[PDB]
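Only one chain comes next, encoded as structure tokens, the form deposited in one PDB entry.
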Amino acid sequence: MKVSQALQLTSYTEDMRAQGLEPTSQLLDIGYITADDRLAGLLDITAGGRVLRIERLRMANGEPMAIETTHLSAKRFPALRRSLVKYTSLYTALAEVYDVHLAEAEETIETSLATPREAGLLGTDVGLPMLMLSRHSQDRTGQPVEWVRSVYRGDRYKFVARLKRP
């Protein structure tokens, strides 16, 4: 009953088309923030630097799946906020508008509980275990492009990884 998601450097839009499900999104909030030392180091920008923050509800066939909050350097991508009016896929926007392509990412997987707001958005009981993911991605020139923190419904997701003995 859970979606089985392969761990791979792919977009939510790509992932849902793999599942044969229709991906839609709801822009919960978008705008600029000032980076603290942590976010500055992750995006290789000067402390105090401006960060585009994008928060989206990701749905599969109209049902809430996850809330994703993505962070990118506003200085590098000043027209990206506006460009997302035209693109549903962030990765597609980066490729077509800025010729930026992701090459490597580190993804972290943890579990914890949703905030009251998240639980309301996802339609889950607030006591439901959730899958808390982060993704730190870099492009083909080795520059960090995004830092993403996400909350995936614990009752709808499992992740799958292929392991190899080195």
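If you superpose the two forms and keep the largest set of C-alpha atoms that fall within 1.5 Å, you have the rigid core. One-based numbering along the sequence shown.
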For 156-164 versus 1-9, entry-based mean Cα B-factors point to 1-9
Averaging the C-alpha temperature factors as deposited, the higher value of 15-23 versus 139-147 falls on 15-23
Based on the PDB entry, the highest CA temperature factor among the options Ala119, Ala105, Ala35, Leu133 is that of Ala35
Kindly indicate the residue among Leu72, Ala79, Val85, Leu94 with the greatest C-alpha B-factor in the PDB record. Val85
Entry-reported C-alpha B-factor of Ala60 relative to its chain, by third, is highest
Could you tell me which third, lowest, middle or highest, the C-alpha B-factor of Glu68 occupies within its chain? lowest
Please say which third, lowest, middle or highest, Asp99 falls into when its CA temperature factor is compared across its chain. middle
Comparing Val51 with the other modelled residues of its chain, is its CA B-factor in the lowest, middle or highest third? middle
Of the three thirds of the chain ranked by Cα temperature factor, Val126 occupies the highest
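There is another form of the same protein, the form deposited in another entry; it is not shown, and what comes next is about it.
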Does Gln143 move appreciably between the shown form and the other one, meaning a CA displacement of 2 Å or more on the superposed rigid core? no
Take the rigid core as the frame of reference and indicate whether the C-alpha of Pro23 shifts by 2 Å or more between the shown form and the other one. yes
Against the displayed form, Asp15 vs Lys158 by Cα, in that other deposited form, with 3 angstroms or more change: pair is closer
Any idea whether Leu128 and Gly20 get closer or farther by CA distance in that other deposited form, knowing it moves 3 angstroms or more? closer
